[PDB]
Every structure is written in C-alpha cells, then in structure tokens.
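Working through the structure, step by step
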Amino acid sequence: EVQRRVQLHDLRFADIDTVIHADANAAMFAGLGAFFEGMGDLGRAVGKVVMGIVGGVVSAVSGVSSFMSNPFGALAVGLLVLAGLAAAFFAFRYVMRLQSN
Amino acid sequence: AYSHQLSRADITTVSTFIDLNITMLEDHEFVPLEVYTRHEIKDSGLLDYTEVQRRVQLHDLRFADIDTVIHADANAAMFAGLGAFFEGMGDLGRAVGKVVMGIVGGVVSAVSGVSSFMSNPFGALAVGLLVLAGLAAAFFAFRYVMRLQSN
Amino acid sequence: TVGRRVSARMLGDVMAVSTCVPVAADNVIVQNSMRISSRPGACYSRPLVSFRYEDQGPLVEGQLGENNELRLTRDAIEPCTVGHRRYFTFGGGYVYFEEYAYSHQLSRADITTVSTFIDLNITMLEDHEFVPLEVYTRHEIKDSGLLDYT
Amino acid sequence: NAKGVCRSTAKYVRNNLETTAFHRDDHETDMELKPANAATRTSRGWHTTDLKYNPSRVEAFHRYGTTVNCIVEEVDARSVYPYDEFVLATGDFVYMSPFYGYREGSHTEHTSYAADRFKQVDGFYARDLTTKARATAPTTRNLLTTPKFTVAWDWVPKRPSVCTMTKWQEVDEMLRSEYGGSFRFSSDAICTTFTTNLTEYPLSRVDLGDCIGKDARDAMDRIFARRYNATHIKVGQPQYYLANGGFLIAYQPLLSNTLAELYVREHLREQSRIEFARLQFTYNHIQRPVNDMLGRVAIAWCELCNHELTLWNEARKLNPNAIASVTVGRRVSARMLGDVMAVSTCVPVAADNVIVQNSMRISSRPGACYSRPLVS
Amino acid sequence: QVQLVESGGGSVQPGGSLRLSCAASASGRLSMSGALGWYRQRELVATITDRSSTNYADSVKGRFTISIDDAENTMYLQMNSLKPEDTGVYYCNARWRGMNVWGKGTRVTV
Ligand SMILES: *[C@@H]1O[C@H](CO)[C@@H](O[C@@H]2O[C@H](CO)[C@@H](O)[C@H](O)[C@H]2NC(C)=O)[C@H](O)[C@H]1NC(C)=O
Ligand SMILES: *[C@@H]1O[C@H](CO)[C@@H](O[C@@H]2O[C@H](CO)[C@@H](O)[C@H](O)[C@H]2NC(C)=O)[C@H](O)[C@H]1NC(C)=O
Ligand SMILES: *[C@@H]1O[C@H](CO)[C@@H](O[C@@H]2O[C@H](CO)[C@@H](O)[C@H](O)[C@H]2NC(C)=O)[C@H](O)[C@H]1NC(C)=O
Ligand SMILES: *[C@@H]1O[C@H](CO)[C@@H](O[C@@H]2O[C@H](CO)[C@@H](O)[C@H](O)[C@H]2NC(C)=O)[C@H](O)[C@H]1NC(C)=O
Ligand SMILES: *[C@@H]1O[C@H](CO)[C@@H](O[C@@H]2O[C@H](CO)[C@@H](O)[C@H](O)[C@H]2NC(C)=O)[C@H](O)[C@H]1NC(C)=O
C-alpha cells in the first residue's frame, strides 16, 4: 500500500506539472505548425515570417503582464483608466449641455 | 499489453537459499529512443525499499518548490530591496524609511483590495460596464467634434 | 543466494538478474561536497564519485550506493537540512560527511563492531540534541538520518 | 554560579565587527535562570526565556529589535584512552584532555587550545540552579571557551591504569584451519572469521601482571569442565594469536575421545615396528577424513551466518529501535547515519504519570487528524 | 589511513624567517579537521581549533601565522623574526573527530 500510494503521488505531480507547463502559446504554435505542413514549401516562406509576428505579440503581452504584477504598474493603469473615464464623462456632459442650445 | 501465459515449470527455480551453476549475462539496457526527447520515464520494475525512500525524498523536495512558488510574494521581494536601500543611508535613511514603508504598505493594500473585489462576478461585471460606458462616451464625443470641425 | 555480486530487479512476481562488473578501489575518487549549485534548496542524498574501469581509461562521473555499488545517474536528491552527519561505506572503510561536505575516511577497524546477535558492556550517553539556531528563525528542517519504515 | 542570573546583553559579530545586543532593547539587567519544562531527570537545563517553544515565534522575534536568551545545560561527556579528547552528548568533540589543568601532574596532558581560552578555578563551590544552595565541599572546576559555547567540568586526578585487554567472548566451539600460510578461526557463536599468521604471540613478555593469562586459563577450564570433561581431551598448553582487526585469541586445541583412540592405536603399531601434541597432524590417513568432516561443519556455519545476517541487516533498516533494543538487552534509541548506527539510552517513565487526551481531531484545520494519540 | 608529508624545515640566522608545511593525502581533508597545528618538543605552538578559529603560544603571538589551502589540501606555518629560543623539533598534527595523525618531526635551527 505504501508503494501503491508513492506511485499515485508521482502521477499527481505529473498532472500538476503539465497544468503549469502546458502554455496556451504552445497550443497556438502547434496549430500554426499543422496549418503550414499542409501548405507545403510555398507556405514555409510565409510560416517563418508570421511566426515572428506572433512571437512579437506574445512578447508584448508577457511584457504587459510582467509590468501589471508590480504595485506601481497596477496603480498606474488604474489612474489612467479613471482619468480617461472622467474626461469622457465630463466631455459628454459638456456636449449634452450645448446640444439643446 | 497482455502477451501470453507461462506454466510455473517454464522458469528456472532458484533451488534453495544457497545455490550455484546459474547462467547470467551482463545486461545492457538499450534505452528506447523517446526517453531522450519526450522525457519518457524508463521502466524500473517494482520499487525496492531504497527506491521508495528515494522517491519520498524527491516528493518533499517538489512540495518545497511548489510551496516556495506560492509564498514567494513579489511584494516581499520589493520590501527586501527597499529595506537594504534605506539601511545603507544610516539614521537619515531610517527616518524616511519608516514613513515610506507605510506609504508603499498603503499602495499594496489598495491593489490587493481591488484584485480581491475583481474575483467576485458582480465586481468583474461592474468594471466591464464602466469601461464600455467610457469608451462609448468618448467615441460619441469624438464623432461630435468631427461633425463640428467641418462647419 | 548466488555467492557473488549480482544486480537484481523484481519484474512483478519474478526476479531478473545480471552480473555486476568490479572496479578497483584506487580507481575511485570522491567529490568534496553534496551541495547542488543550480538549486539552493536541494542537496544530493548520497555522495558523488568519479572513477575509471581501467587505470588508463576515460573518467566516468557517478554517485555512490549501498555496499560499494556505483550508480551512473547522479539522481538521489534531498531537500537540504541542518545538522547533517553521515558515514557511507567506501571500500573496506567509510567516508564521513558533515553538513554536506566531505571530511575524512575511516578504516573499518575504527568503529566498535556490535557482537553478532547479543552484546553487553557497551557504553552510551543520554544524547542531547543541541539544535541549530536556524531551526527556530528560518525554520529549516533538522537532519533525522535515514528513514525508518515508520 | 554566584546568583543564578545572566546580564541580558551579549557581544556578537556581524559585518566583521563587534556589536552589543540587549534583551528587548532595554538596559543591562540580571535576568533569572528558570528550569526548562522539557528537562529530563538527568540532562537538566535552564533558560532566561521560553519564546522558542511557544507558537507565533516569528512574530515574537519581530516584536522587538533584539532578543537574547541565556542557556545553561547539563550533559554527559565521554573520553577514551589515551584521553586526549572528549565528546559531549551533543555530538561535539573537544580537543583537550579532560584531565588537563595547572596542577603538577596535569599540565603535561594534551590540549589544542591556547591558555587564553582555558581557566581552572580552585576552591569552587557549586550552586544548584533549581535549589538555590551552595555545595558542602569545594572542587577544582575546569572552564573552556569554544567559539560556540563555554563548557565546564569538575577536574579529578587521572585514574590508575588497567589491563590492556578485556574478555570479549567465551567460545565453546572454535575450529582452527591452516590455509594460504595463515590460520583461520571460525565458530557458530560468532559470525566473524579471524585470520592470523602461523606464529604464536609471545604474550608472557608483555602481560607481566598475568592479567590476560589468568582470565584465559580460568575461562577455558570452566568451559572444559562444564561441556567436555567426559567427551574430549586437551592436547596441550593454551596458544595466543593476534588476529587481523586487532583481537587477541587464546586457543586450546581438543581431540574427541573417539578420535584420540586412532592416534593411540597408530602409536602402538609404530612402537611395535603418549604426547598428542607431537602426533596431531603426522598421520595423513587419520587427518584426511577429519579435514573433510570439520570442513563441512565450518561451511555449514558460514551458510547459516550469511542467511541470518542478511535478514537481520534488512530488519534494522526498517526498525532500528527494536533491533538495537534486543541486541543490547535494554531499550535504546537508534538512528541510521548512512551505513552505521548511532545509539542513545531512552529514559523510563512510570505508567501512572501518563495521561491520554480524549480526541485525535485537529480544530485548527478540519481536514486533518493525528494518526497516533496525544498524551501528557 | 591518512599520511602527512611534512616539509620546509631547515636552518637560519637570528631575525630570519621560514615557512613550514604539511600536505595530506585525500583520505583526510585538512579544512574540515577539528584541530590542526604544530607542537614543539610536547607543547603547542600554533593551531586551528575550529574551521575558522586560530590559537598560538604567548611567545609566538605576532611572530607566526598559520593558514590553510583546501585546493592543495595543505597547511602552512609562516614564521618570522626567529630567535635562538625558537629552536627545536616541530611536529605537525591533524585530527578529525577522534581519528588522530602525527607527522615525522622536523628540526629548526637558529
Ligand atoms: C558447475 O558444477 C560443477 C560440478 O558439477 C562445478 O565443478 C567443480 O568446480 C570446483 C571449483 O573450480 C572444483 O574444485 C571441482 O573439482 C569441480 N568438480 C568437478 C566434479 O569437476 C562448477 O564449479 C560449477 N560452476 C559454476 C560456475 O557454478
Ligand atoms: C561488564 O562485564 C562484567 C564482567 O567482566 C559483568 O559483571 C558481572 O555482573 C553480574 C551482575 O551484577 C554479576 O552477577 C557477576 O558476578 C559479574 N561478573 C564478574 C566476573 O564479576 C557486568 O555485568 C557487565 N556490565 C554491563 C553493564 O554489561
Ligand atoms: C573431569 O574428568 C576426570 C576424568 O578424566 C574426573 O576424574 C574423577 O575425579 C574424582 C575426584 O578426584 C575421582 O574420585 C574419580 O576416580 C575420577 N574419575 C576417573 C575416571 O579417574 C573429574 O571428576 C572431572 N571433573 C569435573 C569437574 O567433572
Ligand atoms: C604477519 O606477517 C606479515 C609478513 O608476512 C607481517 O606484515 C608486515 O607488517 C609490518 C608492520 O605493519 C610492515 O612494516 C611490513 O611492511 C609488513 N610486511 C609485508 C610483507 O607486508 C604482519 O605484521 C604479521 N602480523 C602478525 C600479527 O604477526
Ligand atoms: C600441518 O601441521 C604439521 C605439523 O604438525 C606440518 O608439518 C611440519 O612441516 C614443517 C615444514 O615442512 C616441517 O619442518 C616439520 O618437520 C613438520 N612436522 C611434522 C611433525 O611432520 C604441516 O606442514 C602442516 N600442513 C600444511 C598444509 O603445511
């Protein structure tokens, strides 16, 4: 029963490990790989370029999430959202007060 | 996969607690190729007492790593960096450090208050509505400005 | 059972066997530490070694095992503890390791052998732990030797 | 020693510079030493504070800038011949002879430490920390400062010398056989095989007090009278052999009455053409059967020893406390420090002094429960 | 068994300097020893009673300095401003948790 439980724990670890390392980006890249395989050599030339474009998107998104994790970053975006909302509401009110006269 | 069924007489019985005249080979593993790429775990038969205790000591190491990943708060890492910065400035640093630590403490408690509120479905919905309302208000106002600029 | 060193593995309800290859004691070299630089929280559980099958041959990295066995893996690992002390069998003697660092090598005659099945006139002490200070502050785990079945 | 207090302040080194700490950042104060609750009957101890054993220890440490806890602890110590070092119950060695001191017969003893780190106090009167009272008689107290802790012990003159060897085992059956230019001794009573050169050791010129000789002759006669008086004959005088591993084996060769007769009749046939010591290996036709007979006995004992030692060695890896306790004949704590075992004496507790708690549930976390019951 | 290869002994003039050394076999790591050092003829001269703690005789303070090299597994005793009273046989010694070892003593003259 001890060795039966030990073999169950390394299976639970394998499942947790996969949950952490199974990145959504890898699933997207695999989907793109499967598309260009069917297009052939004419597609490989395009594939190499679009892979760099998607690579630029994921690096931008990860840069934003890395910044967002920091308290100063979380505060800064919060301030900008509130400033934009307030500016939009005051401008909308100003237009509303002029539209009638 | 199930292969076949042997009679008990088909295997050489180790005759007694002590015996000789047994034939053996210098076994060579010939690892299946996939082990080197997909990190497939190679079969090692049933676990010896030494392998059980070796795996138990590997699991409490995996737990210590997972535990550390959960408790290694980025806020604590920042506080440690700030602590070292103010300590190096002497008593002039202590006088300021005691105050700014409370200011940063107020920022992190506000940020955690917002992220806590964001976990609730009504909170997640409320901010979504405000973002859409602000965007729409700005777009309708911008369209109004564009319509005025021409005449 | 066979009257010679053999490696054995249980393939369910039968045992697979093979001949182990011998290595002369002077062709084996023990490494000075069990620490792992790549990950500070872990340490090897059994000391690392480096050896040769033949005196003039290429050098081979491995890890020590029970009863003079040599493993080619370097995979027995523990979370690093405090107050660690161990004696590992090493070719008709022992290597003593303290706080994950190699210290010295004893002859097998340096330790009192307990008589066959019953022994008397043995001297002992009421061992008092004197735990390291870090076990209270940093709350690091205290060494407890090899694991009993319990 | 004078009152039972500590200064509540301490010198420590950080950033390669000395600094002075203060208990709770207060002024120098004589703090009282109080007994530790976990203190055993024998290995007693005292502290200025208990903050380590209580919960929320981290918060308790952070509630003050600096904390200082004075410890005093009484432990067993052991030193073995030549007495150049001693080991404390904590597992720590002290590279000084426990007999060292400024006294005429002691300043010649071994020491690894400078005179600055050692002080010998004469006319010292102990004061028990539990019962505040001075001892009735003075002693000489040795005092030594290691980099971790200070250690003290009462000095005593070096004890008189004793015999170089002790009787380890008495063996009723021990087969001796000559092989590869060496003797090999084996028995069923001891699983080790002793190896030795063919030359007998000249014990008489070193055991000038006959301490080993007396013990050997007496033990052999006790065993012979008990088990062999009516079945065998002693061939000659006892023989001494220095065996590999550092053992001295006193041996007494025997012949069974049924075998002695073969030498007697062979001697009679030779005379027609008694001292068994002259005849023992001279008759090949008598010895050839015996080498095969006894050789099979020696091999049988080897097979039994390998079989039993294998089971016993695996059992101790699972439960060393049980195996050590039956080997030593008393309860002992045991722990495997790799490929050797460390041991200690367990302390007994009377059954009426133990109380069992009514439940194994844990209130702090609902999903868990103790696996073995709690006691007080 | 551990073996110590002692070297550097010799003869000098008053006010001179020397450097003794004791290299040890791989079976005993000097940097892990409980105690190490030199003894005159026995009486202590200089030792390292813990992995980071040093000791000297009173007549030696400031004159001699003991050190260690874990790479070469050898210890050194640098000794300066020597006097005729410093002459004699010096024996190096090392000990690990009960195991003890002595080097063959080397003479020093002034
Ligand atoms: C296989 O069995 C034979 C006996 O049938 C063993 O032969 C004996 O080997 C020893 C050791 O060299 C000799 O002293 C004997 O004279 C041999 N006996 C005979 C009758 O020739 C042999 O050792 C066994 N082999 C293995 C590898 O176990
Ligand atoms: C240590 O060895 C001695 C024998 O050398 C043991 O002494 C015997 O002890 C019992 C019990 O007190 C007495 O009945 C015997 O008369 C003693 N024998 C002799 C020859 O005096 C002693 O028991 C051993 N001690 C331990 C703790 O094992
Ligand atoms: C040991 O064996 C001898 C015989 O070899 C025993 O000798 C007897 O001793 C008593 C007392 O002196 C005599 O009355 C008998 O006549 C002896 N017997 C023979 C056959 O001569 C001796 O008793 C034995 N010792 C012990 C302690 O049992
Ligand atoms: C048994 O005989 C051998 C010689 O055949 C002895 O071996 C010598 O021992 C000394 C002391 O350790 C060494 O200096 C020599 O180098 C050894 N010689 C050889 C050829 O190895 C051994 O000491 C003897 N033992 C007893 C108890 O008599
Ligand atoms: C067995 O023991 C006998 C002694 O009882 C050994 O015989 C002696 O051998 C030496 C060396 O050749 C001779 O000098 C003696 O004269 C012999 N003594 C007798 C009484 O014959 C014999 O060598 C031993 N067996 C073995 C295998 O060596």
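**Details of the overall build of chain C**
Each helix and strand in chain C was counted, giving zero helices and eleven strands. Walking chain C from its N terminus toward its C terminus, one meets helices and strands in the order β-β-β-β-β-β-β-β-β-β-β. The C-alpha atoms of chain C give a radius of gyration of 19 Å, which is well past the 15 Å a tight globule of 150 residues would have. For chain C, the C-alpha atoms occupy an extent of roughly 50 × 50 × 40 Å along the three principal directions. A burial count over chain C gives 39% of its 150 residues as buried. Put simply, of all contacts in chain C between residues at least 6 apart along the chain, 38% involve residues at least 24 apart. For chain C, the exposed surface amounts to about 8,600 Å²; the carbon and sulfur share of it is 52%. Across chain C, 14 positive and 20 negative side-chain charges occur, with their mean positions spaced 6 Å apart.

**Notes on the overall build of chain B**
For chain B, the count of helices and strands is four helices and zero strands. Starting at the N terminus, the α and β elements of chain B follow one another as α-α-α-α. Taking 151 residues into account, the globule formula puts the C-alpha radius of gyration at 15 Å, and chain B, at 34 Å, lies well above it. Dimensions along the principal axes, computed over C-alpha positions, put chain B at roughly 105 × 60 × 30 Å. Within chain B, the proportion of its 151 residues that are buried is 13%.

**Re the UniProt feature "transmembrane region" (unreviewed entry) in chain B**
Residues and elements named next belong to chain B. Mapped onto this structure's residue numbering, the UniProt feature "transmembrane region" (unreviewed entry) falls at residues 99-118 and 124-145. Within the segment residues 99-118, helix and strand shares are 100% and 0% respectively, and the terminal C-alpha atoms sit 29 Å apart. Secondary structure over residues 124-145 splits into 100% helix and 0% strand, and the C-alpha atoms at its two ends are 32 Å apart.

**Comments concerning the side chain of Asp207 of chain D**
Residues and elements named next belong to chain D. Of note, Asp207 is situated in the loop between β16 (194-197) and α2 (211-227). The buried charged residue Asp207 lacks any salt bridge partner; its closest oppositely charged side chain belongs to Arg217, at an N-O distance of 6.6 Å. Here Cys211 takes part through its backbone nitrogen, which lies 2.9 Å from a polar atom of the side chain of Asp207. Not counting the four nearest positions on each side in its chain, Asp207 is found in contact with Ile212 and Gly213.

**Description of the interface of chain C and chain D**
Counting from both sides, the interface comprises 40 residues of chain C and, opposite them, 42 residues of chain D. Each partner contributes to the roughly 3,700 Å² buried at the junction of chain C and chain D, and carbon and sulfur atoms together form 56% of this total. Of all residues in chain C, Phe117, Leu125 and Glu126 of chain C bury the most surface against chain D, accounting for 22% of the area lost on that side. Applying the counting rule to chain C against chain D returns three salt bridges. Residue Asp339 of chain D is joined to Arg46 of chain C by a salt bridge in which the shortest nitrogen-to-oxygen separation is 2.8 Å. There are 16 residue pairs in polar contact connecting chain C and chain D. The greatest single-element share of the side of chain C that touches chain D, amounting to five residues, is contributed by strand β9 (residues 85-89) of chain C.

**Focus on the interface of chain D and chain E**
Every contact between the two is made by 14 residues of chain D and, on the other side, 18 residues of chain E. Summed over both partners, the interface of chain D with chain E buries about 1,300 Å², with 44% contributed by carbon and sulfur atoms. By the criterion of area lost to chain E, the three top residues of chain D are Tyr95, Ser112 and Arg117 of chain D, representing 36% of everything that side buries. Across the chain D-chain E interface, the total number found is four salt bridges. The salt bridge involving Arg95 of chain E is made with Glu85 of chain D; its shortest N-O contact spans 2.8 Å. Counting across the chain D and chain E interface gives seven residue pairs in polar contact. Residue composition of the side of chain D that touches chain E, grouped by class: five nonpolar, four polar and five charged.

**Here we look at the sheet that holds strand β1 (residues 4-7) of chain E**
All names here are of chain E. One open sheet holds the four strands; their spatial order is β1-β3-β8-β7, and the pairing between them is antiparallel. Two strands bound the open sheet, and with one partner strand each, they are β1 and β7 (64-69). Taken pair by pair, the neighbouring strands of this sheet meet at an average axis angle of 15 degrees, ignoring direction. Taken together, the six bridges between β7 and strand β8 (residues 74-79) define a ladder with antiparallel strand orientation. Bridge pairing in β8 links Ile68 to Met75.

**Topic: the arrangement of the chains**
Ranking the seven pairs of chains in contact by number of contacts places chains C and D first. There is a gap between chain A and chain E: no contact, and a shortest C-alpha distance of 38 Å. One thing to see here is that chain B and chain E don't touch, and their nearest C-alpha atoms sit 27 Å from each other.

**Here we look at the sheet that holds strand β5 (residues 34-35) of chain D**
All names here are of chain D. The strand order across the open sheet formed by three strands is β5-β6-β7, and the pairing between neighbours is antiparallel. Single-partner strands in this sheet number two, and they are β5 and β7 (71-73). As paired strands, β5 and strand β6 (residues 45-47) are joined by two bridges and run antiparallel to one another. Within β6, the residue paired with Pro35 across the bridge is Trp46.

**Observations concerning the packing of helix α5 (residues 284-318) of chain D against helix α6 (residues 320-328) of chain D**
Each pair of packed helices can be described by the angle between their axes along with the distance between the axes. All names here are of chain D. At their nearest, the axes of α5 and α6 sit 6 Å apart, and the two run at 125 degrees to each other. Between α5 and α6, the interaxial angle falls into the category oblique. Residues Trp312, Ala315, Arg316 and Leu318 of α5 form the contact with α6, whose participating residues are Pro320, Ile323, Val326 and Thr327. Tallied by class, residues from the contact of α5 with α6 come to six nonpolar, one polar and one charged.

What counts, and at which threshold
- Residues numbered from 1 in each chain as written, not as in the entry; some residues may be left out.
- Chains lettered and ligands numbered in written order.
- Part of a larger assembly, values for the part shown.
- Heavy atoms only, no water.
- Helix = DSSP H or I, 4+ residues; strand = E, 2+ residues; numbered from the N terminus.
- Rg over C-alpha atoms; globule rule 2.2 N^0.38 Å.
- Buried < 20%, exposed > 50% of the residue type's maximum accessible area, 1.4 Å probe, protein only.
- Contact = heavy atoms within 4.5 Å.
- Areas by Shrake-Rupley, 256 points an atom, 1.4 Å probe, with all protein chains shown as cover.
- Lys, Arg positive; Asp, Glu negative; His and termini not counted.
- Charge placed at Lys NZ, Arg CZ, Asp CG, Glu CD.
- UniProt positions renumbered as here; feature names shortened; annotations may be inferred.
- Salt bridge = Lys/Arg side-chain N within 4 Å of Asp/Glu carboxyl O.
- Polar contact = N/O pair within 3.5 Å; in protein donor to acceptor, adjacent residues only side chain to side chain.
- Buried area = accessible area lost by both parts, 1.4 Å probe.
- Nonpolar A, V, L, I, M, F, W, Y, C, P; charged D, E, K, R; others polar.
- Pairing = 2+ DSSP bridges.
- Axes fitted to C-alpha atoms, helices over the stretch in contact; angles between N-to-C directions.
- Parallel < 35°, antiparallel > 145°, perpendicular 65-115°, else oblique.

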